[PDB]
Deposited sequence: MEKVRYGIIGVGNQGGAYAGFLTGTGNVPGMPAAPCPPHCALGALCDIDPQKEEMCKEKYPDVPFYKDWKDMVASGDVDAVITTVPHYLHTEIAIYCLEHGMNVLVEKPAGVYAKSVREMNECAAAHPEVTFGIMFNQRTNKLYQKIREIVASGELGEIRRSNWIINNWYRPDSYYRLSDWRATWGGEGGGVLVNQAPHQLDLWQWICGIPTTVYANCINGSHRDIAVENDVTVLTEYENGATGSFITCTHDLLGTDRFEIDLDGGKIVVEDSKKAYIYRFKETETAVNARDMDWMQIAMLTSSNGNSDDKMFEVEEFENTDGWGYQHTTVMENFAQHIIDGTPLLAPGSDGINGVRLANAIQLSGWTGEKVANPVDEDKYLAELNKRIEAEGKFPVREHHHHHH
């Protein structure tokens, strides 16, 4: 049980990268690549595009190739698959694999609409022997683990506020024109929220809990020739009375990336997703208020993860679950938290109203489908 063979569905940008990581062919001069994880190997490659097949024949000549991912699953050349394909296919593949005893590592975001993701979760719960995971690779980052640990420990008391401005992923019209599926309601089901935002959206929920209510201002085609949102401002509320805000866009040439958490007993500020300043109050504010600088102590944490580290670490973690039951950092059921939040943001955005989180699945789907229909590029979803 030394190694788990992985089949990549979609040898696109992400799929290609994964293939390189598994093969040890990942490194670019000027880019260290993480070595192949011990328990991981590349079993097979699947793509519907002939050009991709040609590339696969060239770069990976001795690696079995399949046009149809169902054929790859049945081949027994692979022990698990990774869904590096457009998001709409994620739950479709997952459900099929769970029903056919095939371990599935689903890419972010888990899916486009919460209904399909819920079905996937229920399917997995009904085939528990099958390993079911999501590629929330940022959970392998010691930075976010550090912040989660401190918050969850209750050492700094309860959260009162979170604020994350993350504007540093500039993407011009030229980038948007590169992919047909990306930035299309029918292709992606959204823009920034379904692409750049999901890892962060999961992280925010993972560290700060899941918002009870979502209010969002979503601008479609902000300084860009697309129909989907790429400038988003969100307000959230939480069971315990805390508030939150999240701001992101793809038109900022010099975007802030600053994540603040304010707590009863301290404060955390994370800059550029690398460095965290942790402030511990000598006394909780509640205590200070009751009474009627030397007052705080500051701790610093910095971590940067090298190319391939996060994805390989997930791959290895996932393999290990299959092999010896090691717990998953990213159990696939968790994928729905991020999808629900993205859906709630979009629906708030579309209706101009605050919404409870999660939103009604059918209401979201209708509004998505309406947009898909108008776009006319892709089939509506049932």
No C-alpha coordinates anywhere in a stretch? Then put that deposited-sequence range on the list, in order along the chain.
-> 293 to 309, 400 to 405
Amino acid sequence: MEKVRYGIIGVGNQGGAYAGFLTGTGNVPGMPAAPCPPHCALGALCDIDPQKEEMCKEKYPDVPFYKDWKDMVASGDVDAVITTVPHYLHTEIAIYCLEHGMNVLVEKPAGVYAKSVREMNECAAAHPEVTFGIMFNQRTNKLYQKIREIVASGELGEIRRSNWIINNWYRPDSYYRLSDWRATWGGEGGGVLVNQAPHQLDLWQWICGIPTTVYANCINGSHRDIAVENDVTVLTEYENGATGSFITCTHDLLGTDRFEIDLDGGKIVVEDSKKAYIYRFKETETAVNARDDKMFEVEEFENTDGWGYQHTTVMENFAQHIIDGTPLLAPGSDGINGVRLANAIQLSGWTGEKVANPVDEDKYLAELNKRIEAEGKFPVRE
From here on, numbers count along this sequence of modelled residues.
Mean B factor on CA atoms, stretches 282 to 290 and 268 to 276, record says higher is 282 to 290
Residue stretch of maximal mean CA temperature factor, 354 to 362 vs 11 to 19 | 354 to 362
Between 311, 171, 115, 142, which one tops the list for C-alpha B-factor in the PDB entry?
-> 115
For the listed 48, 40, 34, 344, which has the peak Cα B-factor recorded in the PDB entry?
-> 34
Among all modelled residues of this chain, ranked by Cα B factor, put residue 111 in the bottom, middle or top third, i.e. lowest, middle or highest.
-> middle
Is the Cα B-factor recorded for residue 323 in the lowest, middle or highest third of its chain?
-> highest
Based on the entry's values, in what third of the chain does the Cα temperature factor of residue 55 lie: lowest, middle or highest?
-> middle
What third of the chain, by the recorded C-alpha B-factor, contains residue 349?
-> middle
Within this chain's modelled residues, let me know which third the CA B factor of residue 121 belongs to: lowest, middle or highest.
-> highest
